[PDB]
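[1] Model the following, please.
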Amino acid sequence: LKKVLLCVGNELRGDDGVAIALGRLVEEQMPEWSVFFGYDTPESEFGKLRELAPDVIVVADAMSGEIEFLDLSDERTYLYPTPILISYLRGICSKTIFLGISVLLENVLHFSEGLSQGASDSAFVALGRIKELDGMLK
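    Residues are numbered from 1 along each chain as shown. Now the structure:
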């Protein structure tokens, strides 16, 4: 069963690379998952995506202002950060799942490389949920 994790974010903007961090974790712990780093140009990954025809796409991102985890295959759910991205993915794949990792806005406003303890913890918590989703998929 083909499972993709598309990681979005900018590693030069602090905690805005949290989803890049998560990507590296899945890459290590979860070989059955193929991880695509889109960084800040996720669209650069559509080619590979069409070509691989995944069964499941999880798209992960920092969201500034906890973890949002939703199946955008559900229409009601779709209806109510990456809008044009997300609707493209739903077109490649029915099981498009969004995973939002909330970050502090003060932590994404600077040129800064690396995560805050909080965002770091958040990425491990997010790994947790990918693992939970993985189990459900069996």
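
[2] List the buried residues for stretch 57-76?
    Using 16 or more other Cβ atoms under 10 Å as the test for burial, stretch 57-76 gives 57, 58, 59, 60, 61, 62, 63, 64, 69, 72. (C-beta placed from N, C-alpha, C; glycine too.)

[3] Next secondary structure element downstream of the strand or helix carrying the first one?
    When secondary structure is defined by DSSP states H and E, residue 57 falls within strand 56-64. Counting by DSSP H and E, the element after strand 56-64 in chain order, helix or strand, is strand 67-71.

[4] List the contacts of that next one.
    The contact list for strand 67-71 (Cβ atoms under 8 Å, 6 or more residues apart in numbering) reads 77, 95-102, 122, 125-126, 129, 133.

[5] So among these, which ones count as buried?
    Among those, the ones that count as buried by 16+ other Cβ under 10 Å are 95, 96, 97, 98, 99, 100, 101, 102, 122, 126, 129, 133.

[6] Output the longest helix belonging to the chain.
    When the chain is parsed with DSSP state H, its longest helix is helix 117-136.

[7] Now it: buried residues?
    119, 122, 123, 126, 127, 129, 130, 133, 134.
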